[PDB]
Amino acid sequence: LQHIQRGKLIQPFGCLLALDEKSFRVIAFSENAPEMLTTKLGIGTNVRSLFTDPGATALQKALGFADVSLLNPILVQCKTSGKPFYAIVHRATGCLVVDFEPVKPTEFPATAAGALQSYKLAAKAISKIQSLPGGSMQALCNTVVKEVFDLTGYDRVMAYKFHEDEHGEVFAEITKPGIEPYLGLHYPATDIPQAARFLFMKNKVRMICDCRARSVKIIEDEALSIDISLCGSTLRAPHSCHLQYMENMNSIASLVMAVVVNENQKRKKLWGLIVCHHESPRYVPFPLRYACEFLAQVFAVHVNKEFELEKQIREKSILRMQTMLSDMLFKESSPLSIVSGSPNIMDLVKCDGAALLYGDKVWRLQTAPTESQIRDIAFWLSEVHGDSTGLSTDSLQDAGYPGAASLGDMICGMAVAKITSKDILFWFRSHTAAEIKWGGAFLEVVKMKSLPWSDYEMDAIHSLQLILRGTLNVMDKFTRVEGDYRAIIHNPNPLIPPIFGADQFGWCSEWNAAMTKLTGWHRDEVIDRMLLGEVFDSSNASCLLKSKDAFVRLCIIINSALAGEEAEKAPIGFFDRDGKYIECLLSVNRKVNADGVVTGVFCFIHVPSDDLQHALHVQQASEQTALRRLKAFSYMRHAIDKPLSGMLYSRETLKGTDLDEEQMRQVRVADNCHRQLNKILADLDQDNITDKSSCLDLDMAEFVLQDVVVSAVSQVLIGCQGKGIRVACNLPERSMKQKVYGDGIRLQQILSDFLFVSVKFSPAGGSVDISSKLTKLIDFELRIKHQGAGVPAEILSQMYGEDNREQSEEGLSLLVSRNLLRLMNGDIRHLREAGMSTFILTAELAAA
Amino acid sequence: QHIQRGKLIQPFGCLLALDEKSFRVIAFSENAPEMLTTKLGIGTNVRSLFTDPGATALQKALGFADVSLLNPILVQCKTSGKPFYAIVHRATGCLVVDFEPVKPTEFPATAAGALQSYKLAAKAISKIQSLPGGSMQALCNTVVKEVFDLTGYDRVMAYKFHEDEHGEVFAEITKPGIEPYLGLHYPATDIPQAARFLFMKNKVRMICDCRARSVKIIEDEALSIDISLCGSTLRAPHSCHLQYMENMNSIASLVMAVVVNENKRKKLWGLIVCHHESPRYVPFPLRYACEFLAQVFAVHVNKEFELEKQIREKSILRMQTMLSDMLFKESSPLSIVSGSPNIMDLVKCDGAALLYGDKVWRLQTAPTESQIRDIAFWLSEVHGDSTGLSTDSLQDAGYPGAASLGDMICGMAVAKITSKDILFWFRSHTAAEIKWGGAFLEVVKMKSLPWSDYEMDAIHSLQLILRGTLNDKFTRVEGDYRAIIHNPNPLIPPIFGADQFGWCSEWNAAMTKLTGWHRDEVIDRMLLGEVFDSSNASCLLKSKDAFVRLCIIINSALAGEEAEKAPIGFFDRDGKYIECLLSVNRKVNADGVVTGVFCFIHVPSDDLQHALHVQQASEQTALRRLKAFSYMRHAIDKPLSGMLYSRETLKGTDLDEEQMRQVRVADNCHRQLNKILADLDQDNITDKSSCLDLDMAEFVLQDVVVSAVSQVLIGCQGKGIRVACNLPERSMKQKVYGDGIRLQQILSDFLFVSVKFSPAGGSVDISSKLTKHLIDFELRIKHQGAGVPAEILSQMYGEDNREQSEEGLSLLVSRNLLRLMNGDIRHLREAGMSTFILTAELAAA
Ligand SMILES: *[C@@H](C)[C@H]1/C(=C/c2[nH]c(/C=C3N=C(/C=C4\NC(=O)C(C=C)=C4C)C(C)=C\3CCC(=O)O)c(CCC(=O)O)c2C)NC(=O)[C@@H]1C
Ligand SMILES: *[C@H](C)[C@H]1/C(=C/c2[nH]c(/C=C3N=C(/C=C4\NC(=O)C(C=C)=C4C)C(C)=C\3CCC(=O)O)c(CCC(=O)O)c2C)NC(=O)[C@@H]1C
């Protein structure tokens, strides 16, 4: 690191000057600076003398105030020859470094700069980043790398990712055709030393022009007791080993940006780097570098948003299983009833199988070891781990179980639970497959390791332990993570939601430990009292409410629950024994008897976090009842189904009777278009509505393309007859009859959409010609040619931008056609020649 | 005064007094010994009077510190087991027990608690909780109707107290033959303040009969402390109350107070007064149920109070936005007369005028030019010191004239921007009249709506803006003729702006007040980095993410797209966090070159901010759902054209006659499908009115019924349901005139809903009858098993069933269509089967 700070070298693509703040006089200068700055500069020269007034005034004004990086690009004209330069000044402890870069004359009209030009060029890459739905890191990385690729034009663009063990993994990348990819690789922690990361925290952009270019030394004043550090400057020479490492990667001009993410003024850590590479020397102007840095910043912001979304998603699962536990405690849960009923031991935690040993009998679910070896497992647990109870591990071999060959490769992670000495519970998980490529290229495989058991997932099992043991009614139990061969002791705190109840006459009858903690009132001080008036009241009670309106609402809720209709999550709030306001969500379940007489209520409370209490819990209630559409044509979706069934039955009866080839082909065409109709309405499910591009799967089937083409013609031939146009399909017979494997319905929809567009846009007397090409995997090419004015420019531009909400019906439809086409690695090519319009469709199919 | 001194009770129940500690009787009613024993002198204990259970319960209830929680205590007397409700009150250091007879009508009352009283009145609460808010009259009507249904009294009203304590009958429900009293105002002296205090103490007052003589209570000679039975429900009526009761032609009554929080402090909104022509009795559980209903109504009043505040705040925000827009483009005094933001929308009025450059411009209803000159002269002469004035009235305002001029104008607001030029706002009078039952009337035709303080605040702001853009002393009398008050505010939003290079170039005074900085300390500095920066600046932001978002907002605004109401937050000079909304508008010169931005900041209250956030988050889901559904609606079209083509070919091709009917059924089904898609006509009106444009043409009913059957034959086969159609061939095939396409849907959706709930192995029987030219068509569809659930059956019986389920909606629409052509639907359930009877009127061919 000290060599980097104390080194005096620069790249030959610019010049460097050192000025004194109090005197504005040159102290040190680049060796090549006099040669193309005066095409004589010396120590103590005044920078005003050697630069023209329009630029010298700007430079002198910029040198004044401290925070000088606000207007960094200063276009400056040399007095001697009038060559344009970019002046970029960096503050330092008495150094005041200045960098001059040569402007590219090809964009000389770009005079007049500032931090506001060509960041309107990064506006597209920002406005299309914002439009992505969240929850998908891979999509965000793909979009970011693709936009950096498009903006900069470098060969390779990557998204280098740092893991918890500071080892790099290429998360996403894009590259020019004809270049070897590097996606999926993994790199050790020694590639990027801590000095590089410490520098990238400070200098967020690093750029190198040529790897083989010779560095230029810098001379300095002999009276300088303090060396001029070039750490701030962007003209610093490459370091003695970075050069060799990038030489081994066959790269020359790399451009590296750092992504800074809060560690979770918060502490901030590097999520990774954006690294652009090239094979030949390359140069980039300053505004593009600034725009890319700003793009990295907004990428980091969206990464933070993804972290918050993941935290909320993880938080909701606490409430879900708390509700499950409350439901399991509401009814008397026997060890027999738990295994059979719907809230079984297969949904308490995400597990691959479950088992139960009690009453000297064994029950299993899904995948579990047989009756023989499960008793040996119980015996081993009893002998080795006698005093401590509760075990969790992801590998029986790591613990040291002797007999595991009989179990097999599957069923590797084991979690146990002990209600008492004999009766015990089992959860069984299967080990996953891990595969990482190092390429320092060798393959590394790790087997027989299952997913780790989170302390949350053991707290759930502990709560189930307590519930079952209390219902059946061993002491001071302690469980182990078994992360390594050494055994460490848990401190598992249970979580059971606060629960209280009242009988049919309104007297309080239940007050458990969680409520005792929440309110502070011990059970003995609240029981045998009126629930509404003596315990919960706004005037004189143990837990005062906010106001009389809240008490009235609570009475309404309790009485309505006693009447038959049960609440699910009603927000309430009250003051505890210490006077602190508590806000929570209360739910009441009616309690009935065998004879059908209501005995009372059974209320339980879970308190979510403030962020979760607001978002999606108060803001959202069926989108806060966005019932605007719920009447308009929502009834149509239901009402159109029955006539569809009517004509399916009609077509079945039609095909039941004896018909020759001519009618059979038409019946097949009908059935094909009806299947297309059912398929398109199949996508109308809310699962594909919440996220439009969520499900992108296809139906594999064997089909003949001739039927697809015939139906495509027939779906628009009515309009063709209406406008009196002729459609000709010049397709070879032998190639058209060969079966293919794929989804002909989606290609059918796409073609038919293109034919509809062409027929609508072509006036009367026109012609449509469809030609087919089969290349041998089968490459299918379809050319549709028509005459007329062609597709209007506005619709073409609309259909070339998916994010455009101005999407006309034709434009939206064509965008969906391309989105479907991209699934099988297809592309649409539009050509306009002599006024004729040609559409080229490419597809890949599996030969039968 | 003597609200507690009177030792008289209405003889419909007994009363006893009990010592605080000894639990012994001191005083008893004169009729108590006869109704409780047949000695009842100074008895030793009340436990020996009643049987064990009741006596034990009464002793326990007397034991508790709080007694109001166990008011209904059913007790029995050992003499003959007469059931008595025993209500216990605890006041003035003594207990008072009231025993009301339990009528043998409802001998198994089984209430005995404050829980069955609620369940007596659950449906009314459910009705009130479903009403959309914002309308007080609908809530009053619903509450009074539910109370009328519950109690069963002849006459009921809601009695509303105004600010001057004069009471108005806001609503009323009466049985036929009773003179209505709606809207008749009453003097404020009808209700003395003692009654209001009692109603704030006791929420129920009930009188069985106003003519029956009262009886007294025998007090203990030894005791020297009065019972003071003020809190008991057996208190006798007051004499003047009796006179006003007989004045109102009511003989029995029961009233309940409505207490709402006043803006914790609470006040009496009014009463819910029930009246009868003959003496009536109501048992205690019904009284408690109605009191709880009154409490629910009082709860629901407060949110209607809050909605008005939210509306007012939104209006203030909108006018601030209008003021900012007016400042955005330099507005000359001559630009507001004809431009889009004219002086009409600033404050509600009926006309406007302007006098600039000795030229007069008028808008909407306003006096003539000479009258404008005379008003200007009188304003200059009489009030020369004032520069802003507003009179609700002009005849008595001190202006000689405007009497024979007329013009139907009373209110006038005038603002003086400069020495000799003024704006105008003319307001026409509203016909106001009140009617006093005790009838007479008071009519005022010379007073308009008053000038609100905020409506003058707007005028002051507009005057300031115009004076500033044309370019001290601030006096503004807003009293008509007698009063004089002054000191209005600007309420101009905080405004700032940045040059095209990012340099700050404008800092409003309101912004100075909001942030604490000064214009000279912030001008000519970079807006992003030196003024609004996350690390070292004048007004620090929360974090780097907020700074990046603000940079994105400003740069996007400079690019030609404007942001409105984007939430931001920052620390002021004193370290106080401020959360507000920012809106940026691009500023473009007349040559087509932009020259910076122009930002202004709203500061809504927390509740309004929460509501705005909720609505802004909610609208997006509806937008995307609409977009997706429109795509789906368009994309349906393509394959139906192909199916129609193919069916046309099949019909064209030579085919036997037996499939002619099959192809016809298909085509009928397809055109029926086309019908609903063609029903994009403004959310079809349906109901009885609906669209009377039903297809009028000849057809065959048998084909329609066959198509309807085939529409559900697939589901019938799936579930293995056997369908029998016993239709007479001669009658079923007879030609008729009318609509058959809609009838197909009417029979098909009913068949589908019958099939859906059909148990496995069930059977469906369909019969058709023709009555005789006009033919009455009767279709009976019978299926076994339970049948349609009661919820869907009710939701088909009527249309007011909250949100409507898909099958329920379909059946509703079917009922509307049936009612269109004089048809009706009847459902019968007898011994585990459901049958639907469908009646239609058709014209025979
Ligand atoms: C004589 C001194 C004045 C007087 C005295 C008085 N009034 C009350 C109580 C009530 N007055 C009521 C008035 C109305 N009832 C109606 O039918 C309507 C309107 C539709 C009116 C104006 C009512 C009702 C009450 C409240 C009690 C109730 O029974 O509901 C009292 C107190 C009596 C008591 O002992 O509680 C007194 C002393 N009222 C008058 O109007 C005359 C001029
Ligand atoms: C020298 C013996 C070791 C070494 C030293 C070293 N490396 C850097 C900096 C970088 N190395 C990078 C590596 C990668 N980028 C990629 O695209 C890939 C793979 C596809 C990898 C692994 C990156 C990134 C940098 C930064 C480049 C930049 O321009 O800053 C440094 C710091 C140099 C400096 O600028 O101070 C040093 C000392 N790297 C090695 O792996 C060898 C063994």
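- Structure determination for this PDB entry was carried out by cryo-EM, with a resolution of 3.3 Å recorded in the header.

### With respect to the overall build of chain B
So, step 1. Of the regular secondary structure elements, chain B holds 22 helices and 31 strands.
So, step 2. A globule of 845 residues ought to have a C-alpha radius of gyration of about 28 Å, yet chain B, at 39 Å, is considerably larger.

### Some details on the overall build of chain A
So, step 1. Regarding its fold elements, chain A presents 24 helices and 34 strands.
So, step 2. Taking 2.2 N^0.38 as the reference for a compact globule, 848 residues should give roughly 29 Å; the C-alpha atoms of chain A span a radius of gyration of 37 Å, well beyond that estimate.
So, step 3. Referenced to the eigenvectors of the C-alpha coordinate spread, the extents of chain A come out at roughly 105 × 90 × 65 Å.
So, step 4. Within chain A, the proportion of its 848 residues that are buried is 47%.
So, step 5. As displayed, chain A offers around 42,700 Å² of accessible surface, 54% of which is attributable to carbon and sulfur atoms.
So, step 6. Distance between charge centroids for chain A: 5 Å, based on 91 positive and 101 negative side chains.

### Concerning the packing of helix α20 (residues 705-723) of chain A against helix α16 (residues 637-652) of chain B
So, step 1. It is at 8 Å that the axes of α20(A) and α16(B) come closest, and there the two elements cross at 80°. Taken together, the axes of α20(A) and α16(B) lie roughly perpendicular to each other. Where α20(A) abuts α16(B), its residues A:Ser714, A:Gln715, A:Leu717 and A:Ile718 lie against B:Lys638, B:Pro639, B:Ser641, B:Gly642, B:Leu644 and B:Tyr645.
So, step 2. Among the residues making up the contact of α20(A) with α16(B), the classes are represented as five nonpolar, four polar and one charged.

### Describing the pairing of strand β27 (residues 598-606) of chain A
Residue and element names in this part refer to chain A.
So, step 1. Buried residues dominate β27, accounting for seven of its nine residues.
So, step 2. Two strands pair when backbone bridges link them, and strand β26 (residues 581-592) and β27 are joined in this way by eight bridges, in the antiparallel orientation. Counterpart to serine 587 in the pairing with β27 is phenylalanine 604.
So, step 3. Here β26 folds back onto β27, and the loop between the two strands holds five residues, one of which, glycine 596, carries a positive phi near 95°.

### Section: the state of the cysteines
So, step 1. Applying the stated rule across the entire model yields zero disulfides over all chains.
So, step 2. Not part of a disulfide, A:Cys543 finds its nearest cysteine sulfur in A:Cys508, a span of 9.9 Å.
So, step 3. Residue classification places A:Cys543 among the buried positions, given a relative accessible area of 1%.
So, step 4. For B:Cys274, which is in no disulfide, the shortest distance to another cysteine sulfur is to B:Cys290 and amounts to 7.0 Å.

### Details of a negative patch on the surface
So, step 1. On the surface, a cluster of negative charge is contributed by B:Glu306, B:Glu579, B:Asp606 and B:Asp607.
So, step 2. Within the element layout of this structure, B:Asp606 appears in helix α15 (residues 606-635).

### Some words on the packing of aromatic side chains
So, step 1. A complete count under the given rule lists 30 aromatic pairs over all chains for this structure.
So, step 2. Their ring planes at 85° and their centres at 6.5 Å tell us that B:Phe170 and B:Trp269 sit as a pair that is edge-to-face.
So, step 3. For B:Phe170, a relative accessible area of 15% puts it in the buried group.
So, step 4. By the ring-pair criterion, three or more aromatic residues cluster together here, those being A:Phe500, A:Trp511, A:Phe536 and A:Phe574.
So, step 5. Sitting over the ring of B:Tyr153, B:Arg280 keeps its end group 5.8 Å from the ring centre.

### Quick word on a positive patch on the surface
So, step 1. On the surface, A:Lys546, A:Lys548, B:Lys264, B:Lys266, B:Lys309 and B:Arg312 cluster together into a patch of positive charge.
So, step 2. With respect to the helices and strands, the residue B:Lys309 is situated in helix α8 (residues 284-328).
So, step 3. On the basis of relative accessible area, B:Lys309 is assigned to the partly exposed category, the value being 43%.

### Digging into the site of ligand 1
All names here are of chain B.
So, step 1. Around ligand 1 lies a shell of 14 residues, among which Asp190, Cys240, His241, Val255 and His275 are the nearest.
So, step 2. Side-chain polar atom of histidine 275 to an oxygen atom of ligand 1: 3.5 Å apart, as the coordinates give it.
So, step 3. For ligand 1, whose accessible area on its own is 870 Å², the fraction buried by protein is 81%.
So, step 4. Residue assignment for the shell around ligand 1 shows that the elements contributing at least two residues are β7 (155-161) and α7 (239-247).
So, step 5. For the shell around ligand 1, the element with the most residues is α7, which contributes three residues.

### Quick look at the interface of chain A and chain B
So, step 1. Contact with chain A, which involves 77 residues of that partner, is made by 81 residues of chain B.
So, step 2. Carbon and sulfur atoms make up 70% of the area that chain A and chain B hide from each other, which totals about 7,700 Å².
So, step 3. Counting every contact that joins chain A to chain B gives one salt bridge.
So, step 4. Between A:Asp753 and B:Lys638 there is a salt bridge, with the nearest N and O atoms lying 3.6 Å from each other.
So, step 5. At the boundary of chain A and chain B, one finds twelve residue pairs in polar contact.
So, step 6. Its residues placed into classes, the side of chain A that touches chain B shows 36 nonpolar, 25 polar and 16 charged.

### Brief notes about the domain arrangement of chain B
So, step 1. What the domain assignment reports for chain B is domain 1 (8-117), domain 2 (123-185 + 192-257 + 275-286), domain 3 (351-470), domain 4 (495-604) and domain 5 (681-844).
So, step 2. Computed from C-alpha coordinates alone, the two centres of domain 2 of chain B and domain 5 of chain B are separated by 50 Å.

### A few points about the site of ligand 2
All names here are of chain A.
So, step 1. Around ligand 2 there are 19 residues in total, and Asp191, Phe200, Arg206, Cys241 and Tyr245 lie nearest to it.
So, step 2. A distance of 3.1 Å separates an oxygen atom of ligand 2 from a polar side-chain atom of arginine 206.
So, step 3. A distance of 3.4 Å is found between an oxygen atom of ligand 2 and a side-chain nitrogen or oxygen belonging to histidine 277.
So, step 4. Look at ligand 2: alone it shows 880 Å² of surface, and the protein chains cover 86% of it.
So, step 5. Listed by contribution, the elements that provide at least two residues to the shell around ligand 2 are β7 (156-162), α6 (194-202), α7 (242-248) and β13 (268-277).

### Some details on the domain arrangement of chain A
So, step 1. Taken domain by domain, chain A comprises domain 1 (9-110), domain 2 (123-211 + 251-310), domain 3 (331-472), domain 4 (499-624) and domain 5 (696-847).
So, step 2. Averaged C-alpha coordinates put domain 2 of chain A and domain 4 of chain A at centres separated by 52 Å.

Conventions adopted
- Residues numbered from 1 in each chain as written, not as in the entry; some residues may be left out.
- Chains lettered and ligands numbered in written order.
- Heavy atoms only, no water.
- Residues with missing side-chain atoms left out of burial classes, pairs and counts.
- Helix = DSSP H or I, 4+ residues; strand = E, 2+ residues; numbered from the N terminus.
- Rg over C-alpha atoms; globule rule 2.2 N^0.38 Å.
- Buried < 20%, exposed > 50% of the residue type's maximum accessible area, 1.4 Å probe, protein only.
- Areas by Shrake-Rupley, 256 points an atom, 1.4 Å probe, with all protein chains shown as cover.
- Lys, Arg positive; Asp, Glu negative; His and termini not counted.
- Charge placed at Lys NZ, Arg CZ, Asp CG, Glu CD.
- Axes fitted to C-alpha atoms, helices over the stretch in contact; angles between N-to-C directions.
- Parallel < 35°, antiparallel > 145°, perpendicular 65-115°, else oblique.
- Contact = heavy atoms within 4.5 Å.
- Nonpolar A, V, L, I, M, F, W, Y, C, P; charged D, E, K, R; others polar.
- Pairing = 2+ DSSP bridges.
- Disulfide = S-S within 2.5 Å.
- Patch = residues over 30% accessible without salt bridge, like charges linked within 9 Å, V, L, I, M, F, W, Y side chains within 5 Å.
- Salt bridge = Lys/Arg side-chain N within 4 Å of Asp/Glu carboxyl O.
- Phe/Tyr/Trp six-rings, centres within 6.5 Å; stacked < 30°, edge-to-face > 60°.
- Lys NZ or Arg CZ within 6 Å of the ring centre and 35° of its normal.
- Near = heavy atom within 4 Å.
- Polar contact = N/O pair within 3.5 Å; in protein donor to acceptor, adjacent residues only side chain to side chain.
- Buried area = accessible area lost by both parts, 1.4 Å probe.
- Domains from an automatic or database assignment.

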